[PDB]
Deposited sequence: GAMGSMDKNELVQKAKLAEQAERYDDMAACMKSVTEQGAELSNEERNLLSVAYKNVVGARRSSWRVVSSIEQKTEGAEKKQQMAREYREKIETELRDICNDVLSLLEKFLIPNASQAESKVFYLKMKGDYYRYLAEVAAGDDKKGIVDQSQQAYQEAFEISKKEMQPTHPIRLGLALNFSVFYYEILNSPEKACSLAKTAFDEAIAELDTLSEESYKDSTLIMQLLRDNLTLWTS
């Protein structure tokens, strides 16, 4: 099976909503070792965000249940949570490894470097959500440093209305809010990202949607 057919199979999986197949297709595209196109980079990202998104959402349900029980029901919920966590960990480590071996080193443009550093940020951030252990501090710091370098390249190299730059601001601010527990820094990062895009006002739809999500977070975190 060649790159072209793996890519077409991935787009079939996507439309069938079969996100596990889609991810294995894009992973083996990435393991061929050549720099991904935009469309190629997008498909991989969409695939894994659905795969890891489902475990995240199940993790939250089963950990809430485990927190709100006062039996042997508790031990069951705890052991189901742990099983979900280990699937979640294996998926994150798969993605981080593609990132460290082939996506980040091959990225020849700034836009691409920022996309993939953001993504490394996100996937350490998901590990951080379920790694309250003594390994949490080192995970959180891996997340922060990928985002931080993304942030500095995007600020030098991209306009305030670029969707990749706007998206990075959105998720970095979420990271400050939920992982570092620094609401002030979360809010001021999101606020300036929003005001700088507004000032620069583009060739649109995806930018203005992330602007809305920035401001919704600002509205939530301020009450």
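- Stretches of the deposited sequence absent from the structure, as judged by C-alpha coordinates, are 1-5, 76-77, 209-210, 213-215.
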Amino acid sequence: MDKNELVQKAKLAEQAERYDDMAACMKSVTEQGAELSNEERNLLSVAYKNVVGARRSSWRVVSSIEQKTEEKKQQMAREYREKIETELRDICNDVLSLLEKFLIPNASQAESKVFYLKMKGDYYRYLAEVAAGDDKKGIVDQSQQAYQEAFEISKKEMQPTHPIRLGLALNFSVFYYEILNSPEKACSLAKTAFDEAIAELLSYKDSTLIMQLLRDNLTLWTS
From here on, numbers count along this sequence of modelled residues.
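What we label the rigid core is the largest C-alpha set whose atoms superpose within 1.5 Å from one form to the other.
- RMS Cα deviation from the shown model in 8 other deposited structures of this protein, rigid core fit, is larger for 71-79 than for the other stretch of the pair 102-110 / 71-79.
- Stretches compared: 108-116, 126-134. Higher mean C-alpha B-factor in the entry: 126-134.
- For the segment pair 60-68 and 45-53, the entry gives 60-68 the higher mean B-factor, averaged over Cα atoms.
- Comparing C-alpha B-factors across 188, 159, 37, 171 in the deposited entry, the largest value falls on 159.
- In the deposited entry, the Cα temperature factor of residue 102 places it in the middle third of its chain's modelled residues.
- Split the chain's modelled residues into thirds by C-alpha temperature factor. Residue 29 is in the middle one.
- The deposited CA B-factor of residue 193 belongs to the lowest third of values across its chain.
- Ranked against the other modelled residues of its chain, the C-alpha B-factor of residue 13 as given in the entry falls in the middle third.
- Among the modelled residues of its chain, residue 139 has a C-alpha B-factor that falls in the middle third according to the deposited record.
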